[PDB]
Every structure is written in C-alpha cells, then in structure tokens.
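A closer look at the structure
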2 protein chains.
Amino acid sequence: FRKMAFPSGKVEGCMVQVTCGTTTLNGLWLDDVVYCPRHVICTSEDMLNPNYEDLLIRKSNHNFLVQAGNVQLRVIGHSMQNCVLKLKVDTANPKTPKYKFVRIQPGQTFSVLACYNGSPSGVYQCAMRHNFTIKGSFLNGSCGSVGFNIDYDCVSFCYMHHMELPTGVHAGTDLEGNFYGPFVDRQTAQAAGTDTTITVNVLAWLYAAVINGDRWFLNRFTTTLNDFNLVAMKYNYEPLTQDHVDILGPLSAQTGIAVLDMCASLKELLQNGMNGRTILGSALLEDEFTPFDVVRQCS
Amino acid sequence: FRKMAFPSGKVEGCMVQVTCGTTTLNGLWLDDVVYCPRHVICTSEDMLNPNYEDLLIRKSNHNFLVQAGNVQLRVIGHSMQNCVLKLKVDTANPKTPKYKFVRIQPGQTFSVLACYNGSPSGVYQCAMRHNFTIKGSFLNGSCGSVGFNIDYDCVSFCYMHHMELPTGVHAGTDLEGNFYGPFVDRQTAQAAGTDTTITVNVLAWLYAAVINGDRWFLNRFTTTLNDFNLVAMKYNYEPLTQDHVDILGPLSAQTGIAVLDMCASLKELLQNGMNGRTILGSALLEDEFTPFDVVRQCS
Ligand SMILES: Cn1cnc(Cn2c(=O)nc(Nc3cc4cn(C)nc4cc3Cl)n(Cc3cc(F)c(F)cc3F)c2=O)n1
Ligand SMILES: Cn1cnc(Cn2c(=O)nc(Nc3cc4cn(C)nc4cc3Cl)n(Cc3cc(F)c(F)cc3F)c2=O)n1
C-alpha cells in the first residue's frame, strides 16, 4: 500500500500567479474567474493584523497582476468572498475542466498540487486531520496551491493553501474561502487543536488487511457504536459519525465483516496492543487511507 | 516531508490504448509513434512462452487497434525494438512534450503514471532498486504505464511497466525495450536477486529528518568509511562510495552533521533497531528518497 495522487493535468492547466505590489502567490483560473487567497493584497506591514475591507477599497482592477506563465490576464472585476479573492479576467480558460467546489470532512483525503509562482512543482496525497490541519509539504511561495479529488473527469476542488502553523502542519480554506477549523488569515501564531487518530480510516486499513488475508485481529465480539465511541475517546481516537459507518458499507459488504464487529476488533487492539504482531506488514495502524482509497488500491 | 511526484499533465496527454485481438494494454504516443510492450501481440496461449519474432511476422498493421480517448488512430507501420513495439500512426500527437529516453541507475527515483485502458489513474514516486525491481502500485491492466522525471519542461521517460513478480514487486523496461534486471517478458514465475538497501538514500532521508526537526537517532560516535561499509555489507546495505559521500555534501553542509557522523548514526540504527521509535513517522528505514529529492523538497 502507498499513497497515490490523482493525475494532476486537469489542475495544472488552471494554475496562475497573482501579484499585488510585491506580494505574490498562486491562483486558480476557472472560466473567466481567478480564485486566490485574499492575503495577496497585504503588504508586509498588513500581514500581521490586516484590515481586508480597508485594504480592498484602496485597490482597483489595474492593481492586480495575473499571469498564466508569462502571459498577462487583464483583470476586469474584483470581489472578496470570505477569505478568497475572485478576480474577473477578460479571457475564459480554454483548459477549464468540469469541476465542483466541495467542502470535505476530516479524515477525507485529497491530492495537493504544490505550486510556486504559478508553476506546478509536485503532487501528493494528504488527509484532513480532525483538528482541520493537513500534514503537507509546502515551501515559501506555495500560498494558493489547491487540493482536489477527481471523479470521472470531474475535478472536485476542496482545499486552497494559506499558511503553515508553528507545529509545521498547514491550514487553509475551501474554494468559497471558508477556513477549515478555527483559523483566520493573519500572520499570527495560531495553534493546531490537539489531533486525534482518524478512526474511520484505521477501520478502512483493517478491512484492507482482511481483503489481503491478514485477519488474525478479527475477534468474536461486537459492540454498539455509542459504547465504541466512548472507549475510542480514551485512546485519542475520533468518535465515529453516522456518515462514517455508511462509507464503510462497501468494505463491510466485500469482506462480510459487520462494521460494529470491526469496531470491536479495533477496541481490542486499543486496549491490549499488537504484541509484536504486524498488520499489513506494519506495527503501526495507518490512518490516512480512506475507505475509498482502500478500494482504489485493492480493486 | 512527503513522497512527491512530478506533475503528470505532460505525460497524461500521451497515454493511449493498444489492442491486438482481445489483448489490450497502455501505450505512449509521442509525435507519430506509439510505444508499448510487445506482449500485446500475445494471445493467452502465447503469453506463457512467446516467440516474438515469429508472432510479429504474422501480424499486419490492421491487427493493431490504437485509441486515444475515443479517437482511433490508424497504424501505418510497425517495428519491434527489444521488448518495445513501435507503431507508426498517421497522426502526430499535438500534445507531445519535449522529451528524452533515459536508462536510470539503481537508487534513482521517478514518477509513475499508473494507467488502465489508456486512462491515467494515479501518480506516485518509485525508486529503481538494487535488484532492478520497483515497489509500485499496479493492478491488472497497468501494462505499459510509464515512469518519468521532469526537468524544466523536458520529460525524461525511464520506465515502461511490464509485469508483477510473485513477491508483488514490479519489473519493466526502459523505453528502448531493455529490461531492468534479469527478467523476460513471458508469463512465468520469476524471482529477483537479493534486494540490497540503497544506503545513500537512507542517509539522505536521515538528513531530511534532521532538517525537519527529528534528531533522536544522532549520536557522538565516529566511524571511518570502511568500518561503516563493513557493517553495511553485513546488513545487506549497499557500500557507500566517495561519490555517494560527495553527493551528500550539500545536506551535510546545511545540517552541520558530517557524512561519516550520519553513518555512525545509521550504524547504530542497524545494530540496535529503532526501539519502537519512528523517524518522519516511519517505523522502518526509508530508502526511496535520493539526495536530490531531499534537497528539492526541503529547498
Ligand atoms: C513555508 N511555507 C509553507 N507553507 C507556506 C505558505 N505561505 C506562503 O507561501 N506565504 C506566506 N506569506 C507570503 C509571503 C510573501 C512574500 N512575498 C514576496 N509574497 C508573499 C506572499 C505570501 Cl502569501 N505565508 C504566510 C501566511 C499566508 C497567509 F495566506 C496567511 F493568511 C497568513 C500567513 F502568515 C504562508 O504561510 N509557507
Ligand atoms: C497485478 N498486476 C500488477 N501489474 C500488472 C501488469 N500486468 C498486466 O497489466 N497485464 C499482464 N498480462 C496481460 C493480461 C491481459 C488480458 N487481456 C485481455 N489483455 C492483457 C494484457 C496483458 Cl499485458 N501482466 C502479466 C505480464 C505482462 C507482461 F508484459 C509480460 F511480459 C508477462 C506477464 F506475465 C501484467 O503483469 N499486473
């Protein structure tokens, strides 16, 4: 098992650079609109405690430099939606894919196209942690890089990168400009909430093991969901939601192992450990493969 | 710090489907030639023990169906170069990138674009191992997927996927059709040579751990190159050369940790184990990052 990103071509053709004075970052060009973090309108002095409403009134269309490669896209309108800037440009992107804007739940994975100065650099899979941060790999100049999933040629954009936290994890918004988690777009020290293990994904990893014939940890017990959630919290595992139980449906049907029976097996592993035994050739439980990721790799 | 692949868009526009009878796999369309594994000309009976020159002489151009998306390309010529079939087509691929064909050395990494029926499915980083296998993520229908590196807009193709060995590792050729390793393109069980660990890559990754703030494995011991290499060989690690030491120069400069001091750290890890601790979230010693991979992602 390894982390597999979606092919990035449909997103590469949408990346542009957006510059305001000397502040520069990445934006996303879809039809005739460029979406980017509103942080671009900040001078160095504004980044600590920006007054975004005040900073925008000073700005006119001709203050925004938008470039696809070295080709300038003239801005003909600008607005602010939550923490994203929307720049209307005079050219509709001929490479615009079929796309949606989605807001993802914690545990869900997505592909990140890391970009610098509008130029795509690399692609990798990330998971949204339950404290609404991601353990990404980002350098300076990456602000505005996006995260996405692809279903049947349709790109669902779910993340726009804004900042690095002191602990080295990363925080950002959806493509409507709403932050994931309790963060704000200022250059101030903000702490990630305490992280938890992503229970739904650990359960998917256990189903993956079963599919590949590694099933020693299957015990003879069952549990209720309420009983399991209360126990899981004592081991810094996330409580399961009703949506979590349902996205485990396909793996449960494939293996014939009821979701609640697998929760009982996981509860046993938490209360007693693994005793030098491995699962999928590993002594650590993996929590960054979703049920969908598992089916992608197994079938 | 993460395993990061190159953006795949320049390769996506070159993937097509090749079909001969009921046998089908992926091909690479560059200018007016489609490159694909010659295994495509085998029926299920042929696959077990194929005489390829005999099989190819009995084929005509119209025995080859090539589809790019929904568009059918007409084959107007064919030839075989080692294990690679070259189909001349009546249309040049307008999305052909600047490209080269290169044969890589063990320890070097590349990006894989996994494809099924000519449609790209995922992208991830792999390394050529010392026994000329790769630990990929490939399912049925992935034959003909390619591996590549991207250097300022030029795609250097280095791998064409052929088969999965009974241990689950993968084997393939360069784009001139020569296998990496002692394998042949026939459906028979094939084992690889002993899998020696890429020592210079493990050292690069330990330097990545330091650069990313993890230092528990460092120590005050010292070692000579030969004394380290004695322990390395004992543990089936590749001997470290002065060229490897030189290549690690920039990382030792950045961290102030001498290369032979990092060797002392690795020697203890090999002799004592990790004591349940982890490095960069991994419970085992990672050997699929090159010094350049670490430099590029950390800077
Ligand atoms: C190491 N790292 C990992 N992720 C990041 C993301 N990131 C970023 O790329 N840039 C940021 N500040 C800027 C500085 C600029 C200097 N010039 C010339 N232009 C610049 C543009 C930007 Cl955006 N930041 C900091 C940051 C960005 C925000 F959007 C925000 F709301 C708060 C912040 F503190 C940053 O985190 N760097
Ligand atoms: C599980 N896995 C991981 N990697 C692979 C790659 N792979 C593959 O995709 N296909 C193969 N055999 C074929 C069967 C076909 C059935 N039809 C209808 N069409 C087919 C086309 C192919 Cl290529 N193989 C096996 C294989 C492929 C070779 F190129 C070879 F030289 C020897 C082999 F044993 C395969 O490994 N599968």
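Residues numbered from 1 in each chain as written, not as in the entry; some residues may be left out. Chains lettered and ligands numbered in written order. Heavy atoms only, no water. Residues with missing side-chain atoms left out of burial classes, pairs and counts.

Method of structure determination, per the deposited record: X-ray crystallography was used for this entry, reaching 1.74 Å resolution.

Okay, the packing of aromatic side chains next. Residue and element names in this part refer to chain A. Enumeration over the complete set of coordinates arrives at 18 aromatic pairs over all chains. Both rings, one in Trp-216 and one in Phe-217, keep their centres 5.7 Å apart while their planes meet at 85°; by these two values the pair is edge-to-face. Judged by its relative accessible area of 4%, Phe-217 is buried. By the ring-pair criterion, three or more aromatic residues cluster together here, those being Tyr-35, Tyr-99, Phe-101 and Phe-157. It is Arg-103 that lies over the ring of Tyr-180; its NZ or CZ is 4.6 Å from the centre. One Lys or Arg, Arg-296, reaches over the ring of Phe-6 and ends 4.2 Å from the middle of that ring. (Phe/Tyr/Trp six-rings, centres within 6.5 Å; stacked < 30°, edge-to-face > 60°. Buried < 20%, exposed > 50% of the residue type's maximum accessible area, 1.4 Å probe, protein only. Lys NZ or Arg CZ within 6 Å of the ring centre and 35° of its normal.)

A few words on the interface of chain A and chain B. A common measure of how large an interface is: the accessible area buried when the components associate. The interface is formed by 28 residues belonging to chain A together with 27 residues belonging to chain B. No other element matches the eight residues that strand 10 (residues 119–127) of chain A contributes to the side of chain A that touches chain B. Classifying every residue of the side of chain A that touches chain B gives 12 nonpolar, nine polar and seven charged. (Contact = heavy atoms within 4.5 Å. Helix = DSSP H or I, 4+ residues; strand = E, 2+ residues; numbered from the N terminus. Nonpolar A, V, L, I, M, F, W, Y, C, P; charged D, E, K, R; others polar.)

Moving on: the sheet that holds strand 7 (residues 84–89) of chain B. All names here are of chain B. The sheet built from seven strands is open, its strands ordered 5-4-1-2-3-7-6 with antiparallel pairing. For this open sheet the edge positions go to strand 5 (71–73) and strand 6 (75–81), each flanked by a neighbour on one side alone. Strand-to-strand, the axes of this sheet are offset by a mean angle of 30°, without reference to chain direction. As paired strands, strand 1 (residues 15–20) and strand 4 (residues 65–68) are joined by three bridges and run antiparallel to one another. (Pairing = 2+ DSSP bridges. Axes fitted to C-alpha atoms, helices over the stretch in contact; angles between N-to-C directions.)

Residue and element names in this part refer to chain A. In this structure, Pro-97 sits in the loop between strand 7 (84–89) and strand 8 (99–101). What makes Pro-97 buried here is its relative accessible area of 11%. On a C-alpha basis, the gap between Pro-97 and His-170 in space is 27 Å, while along the polypeptide they are 73 residues apart. Excluding its chain neighbours within four sequence positions, the residues that come into contact with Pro-97 are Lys-10, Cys-14, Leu-30 and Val-155.

All names here are of chain A. As summarised here, the arrangement of the seven strands in space is 5-4-1-2-3-7-6, forming an open sheet in which the pairing is antiparallel. Strand pairing shows two members of the sheet lacking a second neighbour, strand 5 (71–73) and strand 6 (75–81), which therefore form its edges. Sheet twist, expressed as the mean angle between neighbouring strand axes with direction ignored, is 35°. Pairing between strand 1 (residues 15–20) and strand 2 (residues 23–30): six bridges, direction antiparallel. Bridge pairing links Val-18 to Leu-25 in strand 2.

By size, the foremost hydrophobic cluster in this structure holds 39 residues, and its most contacted members are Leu-28 and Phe-157 of chain A together with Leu-28 and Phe-157 of chain B. Counting 31 residues, the second-largest nonpolar core is a separate cluster that includes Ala-204, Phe-228, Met-262 and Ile-279 of chain B. (Core = buried A, V, L, I, M, F, W, Y, C linked by side-chain atoms within 4.5 Å.)

Attention now moves to the packing of helix 3 (residues 199–211) of chain A against helix 8 (residues 291–298) of chain A. Residue and element names in this part refer to chain A. With their axes 8 Å apart at the nearest point, helix 3 and helix 8 run at an angle of 25° to one another. The orientation of helix 3 with respect to helix 8, classified from their angle, is roughly parallel. In the packing of helix 3 onto helix 8, the handedness of the crossing is right-handed. Residues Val-200, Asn-201, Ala-204, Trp-205, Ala-208 and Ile-211 of helix 3 form the contact with helix 8, whose own contacting residues are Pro-291, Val-294 and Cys-298. A breakdown of the residues in the contact of helix 3 with helix 8 according to their chemical character gives eight nonpolar, one polar and no charged. (Parallel < 35°, antiparallel > 145°, perpendicular 65-115°, else oblique. Left-handed = near helix turned anticlockwise from the far one by under 90°.)

Further remarks concern the site of ligand 2. Residue and element names in this part refer to chain B. Around ligand 2, 18 residues are found, and the nearest of them are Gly-141, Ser-142, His-161, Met-163 and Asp-185. A distance of 3.3 Å separates a nitrogen atom of ligand 2 from a polar atom in the backbone of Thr-24. In this structure, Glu-164 approaches ligand 2 through a main-chain N or O atom, which is 3.4 Å from an oxygen atom. Contact with the protein chains hides 76% of the accessible area of ligand 2, taken as 710 Å² for the molecule alone. Elements represented by at least two residues in the shell around ligand 2 include exactly strand 2 (23–30) and strand 12 (154–164). Along the lines of polarity and charge, the residues of the shell around ligand 2 split into five nonpolar, 10 polar and three charged. (Near = heavy atom within 4 Å. Polar contact = N/O pair within 3.5 Å; in protein donor to acceptor, adjacent residues only side chain to side chain. Areas by Shrake-Rupley, 256 points an atom, 1.4 Å probe, with all protein chains shown as cover.)

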